[PDB]
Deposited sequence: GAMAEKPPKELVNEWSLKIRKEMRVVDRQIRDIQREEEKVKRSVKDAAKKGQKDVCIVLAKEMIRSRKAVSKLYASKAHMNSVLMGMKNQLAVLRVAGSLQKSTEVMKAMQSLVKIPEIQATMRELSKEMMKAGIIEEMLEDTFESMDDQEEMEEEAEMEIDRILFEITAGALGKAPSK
(Lines of atoms letter the chains of each structure in order from A and count residues from 1; the text may use other names and numbers.)
(Lines give C-alpha, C1' and ligand atoms only; values in the text may rest on other atoms or scores of the structure.)
Protein backbone atom coordinates (compact mmCIF):
# COMPACT_ATOMS: atom_id res chain seq x y z
CA UNK A 1 0.00 0.00 0.00
CA UNK A 2 1.49 3.30 1.27
CA UNK A 3 3.27 1.38 4.05
CA UNK A 4 6.62 1.99 2.40
CA UNK A 5 7.00 4.17 5.43
CA UNK A 6 6.73 1.23 7.82
CA UNK A 7 9.39 -0.62 5.78
CA UNK A 8 11.74 2.39 5.69
CA UNK A 9 11.27 2.93 9.39
CA UNK A 10 12.38 -0.62 9.97
CA UNK A 11 15.43 -0.27 7.78
CA UNK A 12 16.45 3.04 9.35
CA UNK A 13 15.81 1.51 12.76
CA UNK A 14 17.91 -1.44 11.54
CA UNK A 15 20.81 0.79 10.55
CA UNK A 16 20.58 2.40 13.96
CA UNK A 17 21.10 -0.95 15.68
CA UNK A 18 24.25 -1.32 13.63
CA UNK A 19 25.48 2.17 14.67
CA UNK A 20 24.79 1.26 18.31
CA UNK A 21 26.81 -1.91 17.85
CA UNK A 22 29.68 -0.06 16.11
CA UNK A 23 29.82 2.47 18.91
CA UNK A 24 29.60 -0.25 21.59
CA UNK A 25 32.61 -1.97 20.05
CA UNK A 26 34.86 1.09 19.68
CA UNK A 27 34.20 2.10 23.24
CA UNK A 28 35.09 -1.41 24.43
CA UNK A 29 38.34 -0.97 22.55
CA UNK A 30 39.02 2.40 24.14
CA UNK A 31 38.73 0.63 27.50
CA UNK A 32 41.82 -1.45 26.65
CA UNK A 33 43.85 1.20 24.89
CA UNK A 34 43.42 3.38 28.00
CA UNK A 35 45.06 0.59 30.12
CA UNK A 36 47.84 0.24 27.60
CA UNK A 37 48.47 3.98 27.86
CA UNK A 38 48.69 3.62 31.61
CA UNK A 39 51.25 0.80 31.58
CA UNK A 40 53.25 2.45 28.82
CA UNK A 41 53.39 5.61 30.89
CA UNK A 42 54.47 3.74 34.04
CA UNK A 43 57.28 2.01 32.17
CA UNK A 44 58.23 5.40 30.79
CA UNK A 45 57.73 4.52 27.10
CA UNK A 46 56.90 8.01 25.88
CA UNK A 47 56.46 6.94 22.26
CA UNK A 48 54.05 4.11 22.90
CA UNK A 49 52.00 6.62 24.79
CA UNK A 50 51.95 9.29 22.08
CA UNK A 51 50.94 6.72 19.48
CA UNK A 52 48.19 5.18 21.64
CA UNK A 53 46.93 8.61 22.59
CA UNK A 54 46.47 9.20 18.86
CA UNK A 55 44.65 5.93 18.73
CA UNK A 56 42.21 7.41 21.25
CA UNK A 57 41.63 10.69 19.44
CA UNK A 58 40.90 8.54 16.39
CA UNK A 59 38.55 6.51 18.55
CA UNK A 60 36.64 9.51 19.91
CA UNK A 61 36.34 11.09 16.51
CA UNK A 62 35.04 7.80 15.15
CA UNK A 63 32.38 7.48 17.78
CA UNK A 64 31.37 11.12 17.35
CA UNK A 65 30.80 10.74 13.64
CA UNK A 66 28.73 7.63 14.58
CA UNK A 67 26.42 9.49 16.94
CA UNK A 68 26.24 12.15 14.26
CA UNK A 69 24.78 9.41 12.03
CA UNK A 70 22.43 8.12 14.70
CA UNK A 71 21.03 11.65 14.91
CA UNK A 72 20.71 12.06 11.14
CA UNK A 73 18.90 8.70 11.09
CA UNK A 74 16.64 9.73 13.95
CA UNK A 75 15.89 12.83 11.99
CA UNK A 76 14.71 10.54 9.18
CA UNK A 77 12.64 8.34 11.47
CA UNK A 78 10.83 11.42 12.78
CA UNK A 79 10.17 12.58 9.22
CA UNK A 80 8.77 9.05 8.66
CA UNK A 81 6.54 9.55 11.70
CA UNK A 82 5.40 12.84 10.21
CA UNK A 83 4.70 11.23 6.84
CA UNK A 84 2.09 8.99 8.43
CA UNK A 85 0.40 12.24 9.56
CA UNK A 86 0.60 14.08 6.24
CA UNK A 87 -1.30 10.95 5.15
CA UNK A 88 -3.73 10.46 8.07
CA UNK A 89 -4.66 14.03 7.06
CA UNK A 90 -4.84 14.05 3.26
CA UNK A 91 -3.35 10.96 1.57
CA UNK A 92 -0.18 11.99 -0.24
CA UNK A 93 3.48 12.35 0.69
CA UNK A 94 5.13 15.75 0.73
CA UNK A 95 8.64 16.48 -0.35
CA UNK A 96 10.03 17.01 3.15
CA UNK A 97 13.15 19.16 3.19
CA UNK A 98 14.02 17.48 6.46
CA UNK A 99 14.25 13.89 5.35
CA UNK A 100 16.25 15.07 2.35
CA UNK A 101 19.36 16.67 3.84
CA UNK A 102 19.50 13.96 6.48
CA UNK A 103 19.28 11.37 3.76
CA UNK A 104 22.14 13.31 2.20
CA UNK A 105 24.51 13.48 5.14
CA UNK A 106 23.94 9.75 5.53
CA UNK A 107 24.75 8.43 2.06
CA UNK A 108 28.17 9.83 2.96
CA UNK A 109 28.90 7.88 6.18
CA UNK A 110 31.66 5.31 5.33
CA UNK A 111 30.34 1.74 5.63
CA UNK A 112 26.54 2.07 5.23
CA UNK A 113 25.80 4.10 2.09
CA UNK A 114 24.64 1.39 -0.35
CA UNK A 115 21.41 0.83 1.47
CA UNK A 116 21.10 4.58 2.18
CA UNK A 117 21.54 5.33 -1.57
CA UNK A 118 18.85 2.71 -2.28
CA UNK A 119 16.43 4.16 0.29
CA UNK A 120 17.06 7.69 -0.90
CA UNK A 121 15.79 6.55 -4.31
CA UNK A 122 12.71 4.61 -3.22
CA UNK A 123 11.96 7.81 -1.25
CA UNK A 124 12.64 10.09 -4.23
CA UNK A 125 10.19 7.93 -6.27
CA UNK A 126 7.37 7.95 -3.70
CA UNK A 127 7.99 11.62 -4.28
CA UNK A 128 9.45 12.93 -1.04
CA UNK A 129 13.02 13.69 -2.24
CA UNK A 130 15.07 15.57 -4.92
CA UNK A 131 0.93 25.22 -2.44
CA UNK A 132 -1.74 26.26 -4.98
CA UNK A 133 -2.09 22.59 -5.99
CA UNK A 134 -2.22 21.68 -2.30
CA UNK A 135 -5.06 24.14 -1.65
CA UNK A 136 -6.79 21.95 -4.27
CA UNK A 137 -5.11 18.69 -3.15
CA UNK A 138 -6.25 19.12 0.46
CA UNK A 139 -9.83 19.59 -0.77
CA UNK A 140 -9.53 15.88 -1.37
CA UNK A 141 -11.15 14.34 1.68
CA UNK A 142 -14.42 15.46 0.04
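Since the structure holds only modelled residues, which stretches of the deposited sequence does it leave out?
Sequence ranges with no C-alpha atoms are 1 to 7, 138 to 156, 169 to 179.
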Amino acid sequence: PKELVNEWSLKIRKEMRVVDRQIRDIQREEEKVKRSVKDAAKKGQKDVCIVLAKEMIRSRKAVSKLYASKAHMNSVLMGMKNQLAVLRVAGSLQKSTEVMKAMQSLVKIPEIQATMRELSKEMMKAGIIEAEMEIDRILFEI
From here on, numbers count along this sequence of modelled residues.
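Test of understanding: from the entry's C-alpha B-factors, which stretch has the higher mean, 99 to 107 or 43 to 51?
Taking the mean C-alpha B-factor of 99 to 107 and of 43 to 51, the larger value falls to 99 to 107.
Give the stretch, out of 22 to 30 and 90 to 98, with the larger mean C-alpha temperature factor in the deposited entry.
Taking the mean B-factor of the alpha carbons in each, 90 to 98 is higher.
Could you look up the Cα B-factor of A131 in the entry and say which third of the chain it sits in: lowest, middle or highest?
Within its chain, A131 is a highest-third residue by C-alpha B-factor, going by the deposited values.
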